[PDB]
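Below is one structure, written out as structure tokens, with a few remarks after it.
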Amino acid sequence: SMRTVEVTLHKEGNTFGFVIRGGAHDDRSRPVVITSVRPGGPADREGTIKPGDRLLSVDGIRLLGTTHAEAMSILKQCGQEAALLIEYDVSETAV
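All you need for the numbering used here is the position in the sequence shown, starting with 1, plus 174.
What follows is the structure, encoded as structure tokens:
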């Protein structure tokens, strides 16, 4: 079911290795969604994020109401180790 997952990534060359679309606008505004993951990059190597995942927050900064440019700047300016909260249909089982 739709659940939020925390992914910690370590930037390289000040990049996470993924592409985002979306963001807020005076006219109501679309969620921030990951559109591509770069092979060999930090996101690829951590392995969780996939195209179509929603990006909810970056270090506890919620990307509700942030413009595309603000979301990009948030991603650019956060520490090398960053906690990203994403949302997708998660399969989870106690074993």
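Beta carbons are placed, not taken as given, at the ideal position from N, Cα and C, and that holds for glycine.
Based on the DSSP output, what are the partners of residue i in its beta bridges?
i: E244; result: According to DSSP, which records beta bridges pairwise, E244 is partnered with nothing at all.
i: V179; result: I260
i: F192; result: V211
i: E186; result: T189
i: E255; result: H184
Assuming the contact rule is C-beta atoms closer than 8 Å, residue i and residue j should be a hit. Round their C-beta distance to whole Å, please.
i: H199; j: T240; result: At roughly 11 Å, the Cβ-Cβ gap does not stay under 8 Å, so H199 and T240 are not in contact.
i: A245; j: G197; result: 5 Å
i: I260; j: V181; result: 6 Å
i: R228; j: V206; result: 7 Å
Count the other CB atoms, across all protein chains shown, that sit within 10 Å of the CB of residue i; report buried if there are 16 or more and exposed otherwise.
i: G191; result: buried
i: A268; result: exposed
Once you ignore the five residues that flank residue i on each side, which residues in its own chain have a CB closer than 7 Å to its CB?
i: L249; result: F190, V232
i: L183; result: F190, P216, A217, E220, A256, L258
Enumerate in chain order the residues of its own chain whose CB-to-CB distance from residue i is below 8 Å, with the five nearest sequence positions on each side excluded.
i: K224; result: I208, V211, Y262
In chain order, what are the residue ranges of uninterrupted beta strand (DSSP E) at least 3 long that sit wholly in the stretch 197-248? Counting only runs of 3 or more residues that sit fully inside the stretch 197-248, the beta strand (DSSP E) segments are 204-211, 228-232, in chain order.
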